[PDB]
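Structural overview
The chain contents come next:
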Amino acid sequence: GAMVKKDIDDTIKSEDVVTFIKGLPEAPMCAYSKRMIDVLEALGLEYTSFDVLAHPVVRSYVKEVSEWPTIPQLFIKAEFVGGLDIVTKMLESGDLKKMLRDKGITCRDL
């Protein structure tokens, strides 16, 4: 049936990687949304991607619960990590592959 704000909240508890973006992950309506999905695809991860423009419940979760200013946003193991500006710095430093390998999350060759 229809998705309620509690289905996003239980999904953040269910999935190992979650993101909130401006579009579908295959056809985003923002360049930084393309660029976040390229972190998630280029490392070979498994994730759930939520579109704010397609459902008011998603943009409402971002308003009240994802209280950080920047869009788009990254979540790992039910916790907020950073915006698009920051995920690249973890990628460069190796700290992103370090967290994935420490938590046992799926990615490319360590």
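Numbers on residues come from counting from 1 along each chain's written sequence, not from the entry itself, and any residue without coordinates is not displayed. Side-chain numbers come from the whole structure's heavy atoms, not from hydrogens or water.

- What the entry reports as its method is solution NMR.

Describing the side chain of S66
- Think of it this way: any DSSP run of H or I at least four residues long counts as a helix, any run of E at least two long counts as a strand, and we number them from the N terminus. If you trace the backbone, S66 turns up in the loop between helix 3 (56-64) and strand 3 (73-76).
- Contacts between residues were defined by any pair of non-hydrogen atoms, one from each residue, lying within 4.5 Å. Those residues in contact with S66 that lie beyond four places of it in its chain are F20, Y61, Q73 and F75.

Some details on empty space enclosed by the protein
- Cavities and pockets were defined on a 1 Å grid built from protein atoms only: a cavity is a group of points that admits a 1.4 Å probe but offers it no way out, a pocket is an open group of points flanked by protein on both sides within 12 Å along at least five of seven lines, and a lining residue is one with an atom within 4 Å of any such point. Grid points are joined across faces, edges and corners, and a volume is the space filled by probe spheres set on the points. Scanning the entire structure with this criterion turns up one cavity of 30 Å³ or more.
- Empty space within the largest cavity amounts to approximately 80 Å³.
- Counting residues per element, the ones that place at least two in the lining of the largest cavity are helix 2 (31-42), strand 3, helix 4 (84-93) and helix 5 (95-103).
- The dominant element in the lining of the largest cavity, judged by the number of residues it contributes, is helix 5, at three residues.

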